[PDB]
Amino acid sequence: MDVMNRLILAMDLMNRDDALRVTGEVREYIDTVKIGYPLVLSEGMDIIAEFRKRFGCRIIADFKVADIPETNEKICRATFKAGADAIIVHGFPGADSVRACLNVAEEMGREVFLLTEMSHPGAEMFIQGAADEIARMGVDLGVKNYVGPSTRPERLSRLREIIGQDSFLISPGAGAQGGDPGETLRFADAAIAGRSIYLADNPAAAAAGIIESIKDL
Amino acid sequence: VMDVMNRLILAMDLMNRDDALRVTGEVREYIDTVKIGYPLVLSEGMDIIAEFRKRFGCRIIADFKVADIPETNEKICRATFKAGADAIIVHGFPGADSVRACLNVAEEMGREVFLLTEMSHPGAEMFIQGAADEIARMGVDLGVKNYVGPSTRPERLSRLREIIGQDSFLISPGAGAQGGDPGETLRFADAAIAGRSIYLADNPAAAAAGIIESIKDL
Ligand SMILES: O=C1CC(=O)N([C@@H]2O[C@H](COP(=O)(O)O)[C@@H](O)[C@H]2O)C(=O)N1
Ligand SMILES: O=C1CC(=O)N([C@@H]2O[C@H](COP(=O)(O)O)[C@@H](O)[C@H]2O)C(=O)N1
């Protein structure tokens, strides 16, 4: 996956007009957009097609899929029918639930991103202790795309070690949550940026600023 | 606690608007509480909640298994309650701050949060089961009053009930299609969730009636 400037936009605005405007303002810097439930539940799944039509960008559906196998398959099918190129799935619910997603992705020509450890403080309670094992599970299942925390570079580094250099790794947490884009890119292929861009007085300048800081990478 | 008719909640996971409406309408005389999840919402839109309210006036539990960071969880809950959902289901494994974010929005918006502790599928044994008791205890400490536990594991459902106490509200999926028994499930849960055993039956109404008949004494 060729992510322009190794920067993925987390478009979590909840208004179609604003989401489209801001995304358009940074289109010259980013060609990969992560769309989650904040926008989808506010504007509908048709927003994904609107983005591909307007920006011809790659779309990662960040739905943190975390249901039983049967329901997971339905969620993935509905998501890919909407035009998403990939979907993010939680690993905590187990191997069968992840496999269900992998099956639909293969069937519709899409990619599955396995979320191992999360970036927020609460991740330390239950997720962190199971993260390494979740990552190994991904390897065992043939998962090639992963999500790790920018807020804990040592943990992100460990995730990279487990999955190897061939696997693709994206990471949220830089900016608003305290992570550093440059440090994150020492281990992740691409850094995710939401508020640091869409909540900035000048989103375009914010995006340009982030890229300027990692220009040597 | 919500008064769930016949202690039976319909898991409406059909992905077709017409079929979902037909089936739900056919069993309305037996069920007044419907669980709507992403299979239907991602296929027909959040307005499906509005249509169910208008057509059936049934209570709506949005099964979105919210599992994001606090900031995003808050937005998901706000959008969901704005759409008309009476309650939303949230995962406890992401931690206390993520759950608290949902509780705060529910409190501010006058709605309810259901905390999913242990799940019913086989994969739940890998990571969730080992953290389930603590997740439940965390819920109690946070003031959570509504919970979700597995019908497929009576022993686990029983322990969950003990942890949350008799005053807490507990609903449980897994009976029927996944192998659980409605009767046994209701020994610990306030209401049992039923999806495929009802919506895939040739006669959903008869299926619902059959399930209720087997638990009439309860
Ligand atoms: O561990 C994780 C996973 C994840 O997807 N995310 C998402 O990544 C984005 C981060 O946005 P922000 O840059 O903090 O504003 C949001 O859409 C989150 O829901 C996260 O922050 N942490
Ligand atoms: O542990 C859990 C949680 C849950 O919500 N569910 C949901 O409960 C319903 C069960 O449906 P079914 O009766 O097996 O067809 C589905 O909507 C599932 O996504 C589950 O099966 N197990």
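Heavy atoms only: backbone and side chains are in, while hydrogens, waters and symmetry mates are out. Every number for a ligand or one of its atoms is a count from 1 in the order of the listing. Chain letters run A, B, ... following the sequence lines, proteins first, then strands; residues in each count from 1.
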Between the main-chain N or O of A:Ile59 and the side-chain N or O of A:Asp85, is there a donor-acceptor pair closer than 3.5 Å? yes
Does A:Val147 have a non-hydrogen atom less than 4.0 Å from ligand 1? no
Closest to atom 8 (O) of ligand 1 among protein heavy atoms sits A:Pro172 CB, 3.4 Å
So for ligand 1, is B:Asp68 a polar contact partner (N or O within less than 3.5 Å, distance only)? yes
Would you confirm whether the ring centroid of B:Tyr38 sits within less than 6.0 angstrom of the ring centroid of A:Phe63? no
Considering only non-hydrogen protein atoms, determine which one is nearest to atom 14 (O) of ligand 1 and report residue, atom name and distance to 0.1 Å. A:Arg195 NH2, 2.8 Å
Are any of the heavy atoms in A:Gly173 under 4.0 Å away from ligand 1? no
Contact check: B:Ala194 vs ligand 2, nitrogen or oxygen atoms, below 3.5 angstrom: no
Salt bridge (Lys or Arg N to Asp or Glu O under 4.0 Å) partner of B:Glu118, chosen from B:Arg161, B:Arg153, B:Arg159: B:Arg153
Applying a 4.0 Å heavy-atom criterion (strictly less than), which segment of B:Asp63 is in contact with ligand 2: side chain, backbone, both, or neither? side chain
Could you check A:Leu7 against A:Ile192 for side-chain contact (heavy atoms from CB on, under 4.5 Å), going step by step and ending with a plain yes or no? CA-CA 6 Å; A:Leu7 187 61; A:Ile192 293 165; over 6 Å; no
Give the atoms of ligand 2, by number and element, whose distance to some non-hydrogen atom of B:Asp13 is under 4.0 Å. 16 (C), 17 (O)
Does the N or O separation between A:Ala10 and ligand 1 drop below 3.5 Å for any pair? no
So is A:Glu70 close enough to ligand 2, meaning a heavy atom under 4.0 angstrom away? no
Presence of salt bridge, A:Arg6 and A:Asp189, under 4.0 angstrom: no
Does the A:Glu43 side chain pair with the main chain of A:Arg16, one donor and one acceptor, at a distance under 3.5 Å? yes
Do the side chains of A:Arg99 and A:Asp96 get close enough for a salt bridge, i.e. N-O under 4.0 angstrom? no
Which atoms of ligand 1 sit under 4.0 Å from any heavy atom of B:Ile69? 20 (C), 21 (O), 22 (N)
Do B:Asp63 and B:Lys65 meet the salt-bridge criterion of a basic N to acidic O distance under 4.0 Å? yes
Would a distance-only check, ignoring hydrogens and angles, find a side-chain to backbone donor-acceptor pair under 3.5 Å from B:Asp68 to B:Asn73? no
Minimum-distance protein heavy atom relative to atom 10 (C) of ligand 1: A:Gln177 NE2, 3.8 Å
Examine ligand 1 and decide if any of its atoms is less than 4.0 Å from a heavy atom belonging to A:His120. no
Heavy-atom distance to atom 4 (C) of ligand 2: which of B:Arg153, B:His91, B:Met119, B:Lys65 wins? B:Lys65
Under 4.0 Å from a heavy atom of A:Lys34: which atoms of ligand 1 are those, numbered in the order shown and with their elements? 7 (C), 8 (O), 9 (C), 16 (C), 17 (O)
Spell out, as yes or no, whether a donor-acceptor pair under 3.5 Å connects the side chain of B:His91 to the backbone of B:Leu115. no
Check whether any N or O atom of A:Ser119, backbone or side chain, sits under 3.5 Å from an N or O atom of ligand 1, and answer yes or no. yes
Distance under 4.0 Å to a non-hydrogen atom of B:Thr72: what atoms of ligand 1 satisfy this? 16 (C), 18 (C), 19 (O)
Atom 13 (O) of ligand 1: closest protein heavy atom, distance to 0.1 Å, is A:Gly194 N, 2.7 Å
Indicate, with yes or no, if the rings of A:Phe92 and B:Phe93 have centres closer together than 6.0 Å. yes
